[PDB]
Amino acid sequence: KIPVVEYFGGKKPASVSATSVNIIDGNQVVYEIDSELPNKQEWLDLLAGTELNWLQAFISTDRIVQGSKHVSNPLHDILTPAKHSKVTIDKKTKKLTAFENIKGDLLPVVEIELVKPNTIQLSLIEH
Amino acid sequence: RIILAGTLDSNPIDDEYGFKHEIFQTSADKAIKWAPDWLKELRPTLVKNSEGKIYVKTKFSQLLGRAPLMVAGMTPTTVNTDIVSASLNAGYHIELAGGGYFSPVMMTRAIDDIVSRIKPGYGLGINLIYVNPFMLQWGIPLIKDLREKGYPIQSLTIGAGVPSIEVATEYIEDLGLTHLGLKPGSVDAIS
Amino acid sequence: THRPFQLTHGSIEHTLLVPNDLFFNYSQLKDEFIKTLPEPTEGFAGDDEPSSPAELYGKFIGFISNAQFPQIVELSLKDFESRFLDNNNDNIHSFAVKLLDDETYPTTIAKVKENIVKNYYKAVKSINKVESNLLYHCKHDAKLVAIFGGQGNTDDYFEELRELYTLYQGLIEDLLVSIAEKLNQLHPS
Amino acid sequence: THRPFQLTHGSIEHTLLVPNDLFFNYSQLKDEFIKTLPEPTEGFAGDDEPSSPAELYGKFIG
């Protein structure tokens, strides 16, 4: 009967229903930002979701471990809301992909995936 | 929530008990003032992580990401790096006491040893004495420098007194800590 | 064919649309108002001096409640509900505490009571069933219970009865009369 | 059942008849108006400060 969670700690996962997210369902749920931007913390909480998983950890936690040093999470600054930006999150694999406008075309710039059972790959794409 | 149906007046400063207006209040949102139930709001529950380890779910345990048991900073006992590193490696919050340190160089050397000996990602708490101005004067800059350098100083504890609001907010905003520990000794310090 | 009818007390000023035919009644009632009104003072600190247009119009309603113009009192009450209670989303008590909290028109609890609640319940003749927020939550999640006190709470307990009589004559007159008759019957024993 | 609704900026003053039901909407919009309106000045020399009732009501519309 003990509740089972992936990890225990940090801020409790939050359910955020905000504007400028334009959530649409599918194989990868897509959040799209219009001209007006949402709150940064609300946007990050929405991307993290209500389920304690690896992506919830990798977005929600405000620190990462570089060797033996606690450094600020760069994912907050990377995923900060942007005008005309899209973000697709897979329901099953929990893979995140951030799309931004380049030369008038929507192209991916951030991929976050689980390559191995305990390794998270964050890939910054330059076109 | 107690509502005094016998008297009509503006709600108290703390909003602790209602007045006659609350019984007749009508609004589109239909919101009403509630009161907290400490038991159901603060039951010490249990949570199991994916690795099977079981923790006592609580506010403190959530904040620390660890069990709700800590070792408070002791000037003879927790000054030494061995006990601090051992407690952190065992997985319980502990405070390195600055009572047995007198220079930023000595304190930084001790923190370096602790960081090198603990597991990656394990924070460190630091305990300072408010009655001692010298230790704070050379320690607060040290904590700020170590934090902006990226050290795992997870928290700072102030014992033998509580700082004022203006010093406290400086500690919160400048040092970049996860949480600030304070040790009141009386209801005035609790206030 | 309405007309603008204005009541003022110092900086206080409330204007309402009133029927042209009944404007004469409104004017005479206004004159009797400003006769009974204490002289305006800076800050409106006078106990009977209104501190807001809502207070002034409530006092107008309270005055006209006793007159040969029940249609005047009814339409004035309707206008007060429309402007101030905002077509009845908030009760008069909620409006009273909202004014006591409002800083633009500073007032006292006694001023708010006498100038709004007493007059509103003097002029209102029928109260429609309303489901409060508390009673709404009672049906789903709130558990409402009642406690009645005893003696020793206050050394001038009768003052509360006088306040209740003054504020709510039209609501408890029958109960008070019946109880007083029973007490008159019993106490000679 | 209309009602008198007035907007002012110093000596500026424009009153309009409005439905009583929507008077609440007009009042809140007026409050937001006088929040966004600078402090009145003699001569109404402020660049966005209206100088006539027509200017004030046009700004209300805007």
# chains A, B, ... in the order shown; residues from 1 in each chain; ligands from 1
>>> interface_residues(of="chain C", to="chain B", cutoff="9 Å", atoms="only C-alpha atoms", output="PDB file with N, CA and C atoms, in the first residue's frame")
ATOM      1  N   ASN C  88     -27.718  42.318  -6.444  1.00  0.00           N
ATOM      2  CA  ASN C  88     -27.799  41.252  -5.444  1.00  0.00           C
ATOM      3  C   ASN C  88     -26.910  40.057  -5.793  1.00  0.00           C
ATOM      4  N   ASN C  89     -25.593  40.282  -5.776  1.00  0.00           N
ATOM      5  CA  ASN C  89     -24.645  39.172  -5.687  1.00  0.00           C
ATOM      6  C   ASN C  89     -24.054  39.068  -4.289  1.00  0.00           C
ATOM      7  N   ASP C  90     -23.982  40.185  -3.568  1.00  0.00           N
ATOM      8  CA  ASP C  90     -23.473  40.230  -2.206  1.00  0.00           C
ATOM      9  C   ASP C  90     -24.559  40.745  -1.272  1.00  0.00           C
ATOM     10  N   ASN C  91     -24.626  40.152  -0.083  1.00  0.00           N
ATOM     11  CA  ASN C  91     -25.594  40.588   0.907  1.00  0.00           C
ATOM     12  C   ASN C  91     -25.207  41.957   1.461  1.00  0.00           C
ATOM     13  N   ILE C  92     -26.163  42.573   2.158  1.00  0.00           N
ATOM     14  CA  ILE C  92     -25.942  43.908   2.704  1.00  0.00           C
ATOM     15  C   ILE C  92     -24.826  43.883   3.742  1.00  0.00           C
ATOM     16  N   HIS C  93     -24.711  42.788   4.497  1.00  0.00           N
ATOM     17  CA  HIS C  93     -23.616  42.670   5.456  1.00  0.00           C
ATOM     18  C   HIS C  93     -22.265  42.608   4.749  1.00  0.00           C
ATOM     19  N   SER C  94     -22.184  41.845   3.656  1.00  0.00           N
ATOM     20  CA  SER C  94     -20.951  41.798   2.879  1.00  0.00           C
ATOM     21  C   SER C  94     -20.607  43.174   2.324  1.00  0.00           C
ATOM     22  N   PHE C  95     -21.612  43.899   1.834  1.00  0.00           N
ATOM     23  CA  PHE C  95     -21.385  45.265   1.374  1.00  0.00           C
ATOM     24  C   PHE C  95     -20.874  46.143   2.511  1.00  0.00           C
ATOM     25  N   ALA C  96     -21.427  45.957   3.710  1.00  0.00           N
ATOM     26  CA  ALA C  96     -21.023  46.753   4.863  1.00  0.00           C
ATOM     27  C   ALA C  96     -19.554  46.536   5.199  1.00  0.00           C
ATOM     28  N   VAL C  97     -19.126  45.274   5.286  1.00  0.00           N
ATOM     29  CA  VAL C  97     -17.715  45.031   5.592  1.00  0.00           C
ATOM     30  C   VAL C  97     -16.825  45.471   4.433  1.00  0.00           C
ATOM     31  N   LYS C  98     -17.303  45.364   3.190  1.00  0.00           N
ATOM     32  CA  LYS C  98     -16.514  45.863   2.067  1.00  0.00           C
ATOM     33  C   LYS C  98     -16.277  47.363   2.188  1.00  0.00           C
ATOM     34  N   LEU C 100     -16.335  49.041   5.056  1.00  0.00           N
ATOM     35  CA  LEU C 100     -15.449  49.237   6.196  1.00  0.00           C
ATOM     36  C   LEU C 100     -13.995  48.992   5.814  1.00  0.00           C
ATOM     37  N   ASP C 101     -13.753  48.106   4.851  1.00  0.00           N
ATOM     38  CA  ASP C 101     -12.412  47.875   4.329  1.00  0.00           C
ATOM     39  C   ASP C 101     -11.979  48.918   3.303  1.00  0.00           C
ATOM     40  N   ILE C 109     -17.527  51.112  12.004  1.00  0.00           N
ATOM     41  CA  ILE C 109     -18.478  50.004  12.010  1.00  0.00           C
ATOM     42  C   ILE C 109     -19.870  50.498  12.384  1.00  0.00           C
ATOM     43  N   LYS C 113     -23.154  50.284  10.014  1.00  0.00           N
ATOM     44  CA  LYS C 113     -24.364  49.633  10.504  1.00  0.00           C
ATOM     45  C   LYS C 113     -25.569  50.555  10.382  1.00  0.00           C
ATOM     46  N   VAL C 130     -32.311  33.173  -0.621  1.00  0.00           N
ATOM     47  CA  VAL C 130     -30.975  33.264  -1.196  1.00  0.00           C
ATOM     48  C   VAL C 130     -30.112  32.175  -0.576  1.00  0.00           C
ATOM     49  N   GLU C 131     -29.316  31.508  -1.408  1.00  0.00           N
ATOM     50  CA  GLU C 131     -28.408  30.458  -0.964  1.00  0.00           C
ATOM     51  C   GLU C 131     -27.017  31.065  -0.820  1.00  0.00           C
ATOM     52  N   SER C 132     -26.563  31.215   0.421  1.00  0.00           N
ATOM     53  CA  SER C 132     -25.259  31.805   0.670  1.00  0.00           C
ATOM     54  C   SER C 132     -24.153  30.865   0.203  1.00  0.00           C
ATOM     55  N   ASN C 133     -22.929  31.393   0.160  1.00  0.00           N
ATOM     56  CA  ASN C 133     -21.781  30.545  -0.145  1.00  0.00           C
ATOM     57  C   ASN C 133     -21.608  29.468   0.916  1.00  0.00           C
ATOM     58  N   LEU C 134     -21.797  29.836   2.185  1.00  0.00           N
ATOM     59  CA  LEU C 134     -21.675  28.871   3.271  1.00  0.00           C
ATOM     60  C   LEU C 134     -22.719  27.768   3.140  1.00  0.00           C
ATOM     61  N   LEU C 135     -23.972  28.142   2.872  1.00  0.00           N
ATOM     62  CA  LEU C 135     -25.020  27.137   2.718  1.00  0.00           C
ATOM     63  C   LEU C 135     -24.807  26.306   1.457  1.00  0.00           C
ATOM     64  N   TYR C 136     -24.204  26.899   0.426  1.00  0.00           N
ATOM     65  CA  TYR C 136     -23.872  26.137  -0.772  1.00  0.00           C
ATOM     66  C   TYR C 136     -22.852  25.057  -0.444  1.00  0.00           C
ATOM     67  N   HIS C 137     -21.789  25.429   0.271  1.00  0.00           N
ATOM     68  CA  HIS C 137     -20.759  24.460   0.625  1.00  0.00           C
ATOM     69  C   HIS C 137     -21.256  23.462   1.664  1.00  0.00           C
ATOM     70  N   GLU C 160     -26.515  44.267  23.441  1.00  0.00           N
ATOM     71  CA  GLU C 160     -26.661  43.496  22.212  1.00  0.00           C
ATOM     72  C   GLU C 160     -28.123  43.408  21.794  1.00  0.00           C
TER      73      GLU C 160
END
>>> select_by_dssp(residues="chain D", states="alpha helix (DSSP H)", output="PyMOL selection string")
chain D and resi 23-36+53-61
>>> closest_atom_pairs(of="chain A", to="chain B", cutoff="10 Å", atoms="only C-alpha atoms", output="JSON lines")
{"residue": "A:1", "atom": "CA", "partner": "B:46", "partner_atom": "CA", "distance": 9.8}
{"residue": "A:2", "atom": "CA", "partner": "B:47", "partner_atom": "CA", "distance": 6.1}
{"residue": "A:3", "atom": "CA", "partner": "B:47", "partner_atom": "CA", "distance": 5.4}
{"residue": "A:4", "atom": "CA", "partner": "B:48", "partner_atom": "CA", "distance": 5.0}
{"residue": "A:5", "atom": "CA", "partner": "B:49", "partner_atom": "CA", "distance": 5.0}
{"residue": "A:6", "atom": "CA", "partner": "B:50", "partner_atom": "CA", "distance": 4.6}
{"residue": "A:7", "atom": "CA", "partner": "B:49", "partner_atom": "CA", "distance": 5.2}
{"residue": "A:8", "atom": "CA", "partner": "B:65", "partner_atom": "CA", "distance": 5.8}
{"residue": "A:9", "atom": "CA", "partner": "B:65", "partner_atom": "CA", "distance": 3.8}
{"residue": "A:10", "atom": "CA", "partner": "B:63", "partner_atom": "CA", "distance": 6.0}
{"residue": "A:11", "atom": "CA", "partner": "B:63", "partner_atom": "CA", "distance": 7.4}
{"residue": "A:12", "atom": "CA", "partner": "B:62", "partner_atom": "CA", "distance": 8.1}
{"residue": "A:53", "atom": "CA", "partner": "B:50", "partner_atom": "CA", "distance": 9.7}
{"residue": "A:62", "atom": "CA", "partner": "B:178", "partner_atom": "CA", "distance": 9.5}
{"residue": "A:63", "atom": "CA", "partner": "B:121", "partner_atom": "CA", "distance": 9.1}
{"residue": "A:64", "atom": "CA", "partner": "B:121", "partner_atom": "CA", "distance": 7.6}
{"residue": "A:65", "atom": "CA", "partner": "B:121", "partner_atom": "CA", "distance": 5.3}
{"residue": "A:66", "atom": "CA", "partner": "B:120", "partner_atom": "CA", "distance": 8.2}
{"residue": "A:67", "atom": "CA", "partner": "B:120", "partner_atom": "CA", "distance": 6.4}
{"residue": "A:68", "atom": "CA", "partner": "B:120", "partner_atom": "CA", "distance": 4.9}
{"residue": "A:69", "atom": "CA", "partner": "B:151", "partner_atom": "CA", "distance": 4.9}
{"residue": "A:70", "atom": "CA", "partner": "B:152", "partner_atom": "CA", "distance": 5.2}
{"residue": "A:71", "atom": "CA", "partner": "B:150", "partner_atom": "CA", "distance": 5.6}
{"residue": "A:72", "atom": "CA", "partner": "B:150", "partner_atom": "CA", "distance": 8.6}
>>> select_by_dssp(residues="chain D", states="strand (DSSP E or B)", output="MDAnalysis selection string")
chainID D and resid 2:9 12:19
>>> residues_around(residues="residue C:27", least_positions_apart="3", cutoff="12 Å", atoms="only C-alpha atoms", output="list in words")
residues 3, 4, 5, 6, 7, 18, 19, 20, 21, 22, 23, 24, 30, 31, 32, 33, 34, 60, 64 and 72 of chain C
>>> residues_around(residues="residue D:56", least_positions_apart="2", cutoff="10 Å", atoms="only C-alpha atoms", output="ChimeraX atom specification")
/D:7-9,12-14,33,49-54,58-62
>>> interface_residues(of="chain D", to="chain C", cutoff="12 Å", atoms="only C-alpha atoms", output="tab-separated table (two decimals) with C-alpha atoms, in the first residue's frame")
chain	number	residue	atom	x	y	z
D	1	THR	CA	-33.55	52.78	-16.74
D	2	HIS	CA	-30.39	54.64	-17.68
D	3	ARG	CA	-28.01	56.34	-15.24
D	4	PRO	CA	-25.53	59.23	-15.11
D	5	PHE	CA	-21.92	58.12	-15.51
D	6	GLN	CA	-19.18	60.76	-15.30
D	15	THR	CA	-21.24	62.73	-18.28
D	17	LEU	CA	-26.40	58.25	-19.85
D	18	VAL	CA	-25.76	54.50	-19.60
D	19	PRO	CA	-27.81	51.37	-18.85
D	20	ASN	CA	-27.99	50.59	-15.15
D	21	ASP	CA	-27.22	46.90	-15.72
D	22	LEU	CA	-23.91	47.73	-17.45
D	23	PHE	CA	-23.14	50.63	-15.08
D	24	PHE	CA	-20.90	48.25	-13.09
D	25	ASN	CA	-18.82	47.52	-16.18
D	26	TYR	CA	-18.57	51.24	-16.94
D	27	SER	CA	-17.49	51.96	-13.36
>>> atom_distance(atom1="atom CA of residue A:87", atom2="atom CA of residue A:13")
18.9 Å
>>> residues_around(residues="stretch 162-174 of chain C", least_positions_apart="3", cutoff="9 Å", atoms="only C-alpha atoms", output="count of residues only")
15
